[PDB]
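**Q** My questions will all concern the structure given below.
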Amino acid sequence: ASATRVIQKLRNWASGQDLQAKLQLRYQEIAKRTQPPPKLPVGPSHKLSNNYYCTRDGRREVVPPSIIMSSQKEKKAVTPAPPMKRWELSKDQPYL
Amino acid sequence: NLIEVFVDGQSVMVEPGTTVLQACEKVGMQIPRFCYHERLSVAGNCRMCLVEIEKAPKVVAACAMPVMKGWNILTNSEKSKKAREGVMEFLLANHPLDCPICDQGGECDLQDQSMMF
Amino acid sequence: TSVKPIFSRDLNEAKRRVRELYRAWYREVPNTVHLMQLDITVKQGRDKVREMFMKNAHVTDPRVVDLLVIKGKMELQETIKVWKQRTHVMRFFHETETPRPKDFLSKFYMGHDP
Amino acid sequence: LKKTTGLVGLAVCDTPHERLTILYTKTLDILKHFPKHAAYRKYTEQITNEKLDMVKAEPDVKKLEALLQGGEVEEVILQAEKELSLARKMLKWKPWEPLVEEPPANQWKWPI
Amino acid sequence: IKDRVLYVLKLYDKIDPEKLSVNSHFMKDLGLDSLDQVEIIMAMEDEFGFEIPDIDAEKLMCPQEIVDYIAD
Amino acid sequence: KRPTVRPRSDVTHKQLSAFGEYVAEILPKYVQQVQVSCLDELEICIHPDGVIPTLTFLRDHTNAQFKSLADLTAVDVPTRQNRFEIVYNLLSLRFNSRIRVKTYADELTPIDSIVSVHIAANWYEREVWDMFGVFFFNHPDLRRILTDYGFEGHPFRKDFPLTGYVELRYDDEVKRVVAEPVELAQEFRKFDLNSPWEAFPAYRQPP
Ligand code: SF4
Ligand code: FES
């Protein structure tokens, strides 16, 4: 930014765009360091009641699988899951 | 002479003068323990060995209670897990924070039972 | 007993393949010690070959023999289509290793191996 | 109308519905070789029957496609050819037969 | 023929200590191994610009039949 | 609902179960131990004598279109006769789904390849043969890909240790880069971690 008006004009004619508005370097366009000591929140699990773990066990709701056609233990044509819904173009720039 | 039990539906044959805990062992499900050691006498101080007894409302202590024919036991049920949660909250109320210093750091039955149950 | 075979049915077919492979290695070695500027003699190379063969002579299973054959063929491909180098090929001779003393007293005086 | 598909390795097919009738009729004519107690027949029969009904009920591709709800017509044709080959191969194999050889017991047991 | 065959044998490393006759049995009269035998047959094939399958190469455990084959 | 738990839905656990019954009744042979996991996945165990039939079926049959072999893998469990577990993770687009095929195998019991169908396996099979020791027929090029061109053994098993048997170093005495036996400096600490107290009373195993 410390540079000259004519050089600004020249580089801008060369490129095609503007640069003083979208520079890459950083002239006080940042957030100051030495930020203040913050205070934080907690989750919905820091209550005092109705927080019994048995409700939200998490890794005990798991249950082993449900086997089918083991070796010891009319109809329609089906699939593993419904098909894929075809996509559509965008509202902004579908071409390029 | 034998006696019958139906744990979680699963059936078991045992002797009299027996204990809920020795039955659950015969089956495999380990029951918690603080005041029990097969090579000692028995008491009911800790109060972490609690379970649920279908057809009867009140919980019991599986380190002292002798099993009565026909009882369906329930170990991992609601009342049991809640009893254990409360009991360990109580214990750890005052157990100081010397886990690091405590030479019994990685073998602490209480550490493990808190982390799990 | 009642099992499934691999590439063969008996020690004899296993051994005909093995002999083909011996022919390959024997007819090959010179090309190696001539392409990669080695030092050892063709005779020493063939000695190593026949030794690596003899050291699997307590074998009975055609499956084992055939897997060993497959691995030997892989290595032969690797060699003749030169990918292994001087190092890759001389890694056999234990050229930087004191022959493990089998003299019980040697083992005693030196270390703890029984 | 059109100029291309949107993929690579495909073609602007100008003779649809005809290749489709051909391929589906041939599938069924092969299925004729299959014992009725083979589920592959018992299923793909009706699948192809419904596909034929759909091509006959919709003559324009730009709607037949979205109706089949599968890929584009060329993908459909390719997949039908693939099912044809699959049939010719399951005919040499005897899958509908019972099981080959049950495994040992502690094989599918996880944990361990 | 036989002359250059016996010369090859005399040349071979661990063979021809005393005998390289035309009739001997390699694995029986000389008490040798299939590996060494294959070495012999490879030497012969390279002498004669010839090719052999391992099958008949092992069938020919007898110098007489060996020279019969190289004649054939 | 609770914040710290995913939703265990029904749509998938039902659709994939229907598809499992489907494939089972189609291939009463070359199949055993179908199953659906508690987390919306399908596994299909099969004899090694049905691999290519199963794969061709799943690639071609319209209702499956399991085209892309997203992965091929091995696993080793030594407490059984057939100790290796070969795994194929497959993907289909039209139906936006995945699937898992398993087949047991063993050292000294090779397998039938699939290169005719999914050319991706041409290299996963090389990996397998290099690392574990499982063999594949009808494979054009099968050679050590990852490890050295002279390496010997089968590392990704559970017996071939971590550190390995040999180390390398240069020895000016010969100027080469030779391989000598492992004499480490520090020892591989092995921390005993498995805690006794059972946490999962549902995956238990009685005597
Ligand atoms: S490790 Fe266990 S015994 Fe030691 S201080 Fe912690 S809770 Fe107490
Ligand atoms: S184990 Fe202590 S009260 Fe039962």
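Residue 1 is the first one shown; counting continues down the chain.
Recorded method for this deposit: electron microscopy, 3.8 Å.
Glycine is treated like the rest: Cβ placed from N, Cα and C.
What Swiss-Prot shows for this protein is this:
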| type | residues | note |
| --- | --- | --- |
| MOD_RES | D:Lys26 | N6-acetyllysine |
| MOD_RES | D:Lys32 | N6-acetyllysine |
| MOD_RES | D:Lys42 | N6-acetyllysine |
| MOD_RES | D:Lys56 | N6-acetyllysine |
| MOD_RES | D:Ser85 | phosphoserine |
| MOD_RES | D:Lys94 | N6-acetyllysine |
| MOD_RES | D:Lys94 | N6-succinyllysine |
**Q** Given modified residues D:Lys26, D:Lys32, D:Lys42, D:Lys56, D:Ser85, which are under 8 Å from chain F when comparing Cβ atoms?
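**A** Cβ contacts with F, in sequence order: D:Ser85.
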**Q** Measure from the Cα of D:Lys26 (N6-acetyllysine) to the Cα of every one of the modified residues D:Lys42, D:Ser85, D:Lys94, then give the nearest.
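**A** That would be D:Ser85, the closest of D:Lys42, D:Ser85, D:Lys94 to D:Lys26 (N6-acetyllysine).
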**Q** Secondary structure at D:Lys32 (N6-acetyllysine) (DSSP, helix/strand/coil)?
**A** coil
**Q** Check the DSSP secondary structure of D:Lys42 (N6-acetyllysine), expressed as helix, strand or coil.
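**A** The residue in question, D:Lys42 (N6-acetyllysine), is helix (DSSP, three-state).
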**Q** Could you tell me which of these modified residues, D:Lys26, D:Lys32, D:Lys42, D:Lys56, D:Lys94, has the fewest other Cβ atoms within 10 Å of its Cβ?
**A** D:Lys32
**Q** To the nearest whole angstrom, state the Cα distance for the pair D:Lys32 (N6-acetyllysine) and D:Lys42 (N6-acetyllysine).
**A** 11
**Q** Could you check which of the modified residues D:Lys56, D:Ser85, D:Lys94 is the closest Cα neighbour of D:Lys42 (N6-acetyllysine)?
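**A** Checked the modified residues D:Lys56, D:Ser85, D:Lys94; minimum Cα distance to D:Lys42 (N6-acetyllysine) goes to D:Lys94.
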**Q** For D:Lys56 (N6-acetyllysine) and D:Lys94 (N6-acetyllysine), determine the Cα separation and express it in whole Å.
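**A** The Cα atom of D:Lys56 (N6-acetyllysine) is 34 Å away from the Cα atom of D:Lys94 (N6-acetyllysine).
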**Q** Count the other Cβ atoms sitting within 10 Å of the Cβ of D:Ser85 (phosphoserine), across every protein chain shown.
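**A** Here the count is 11.
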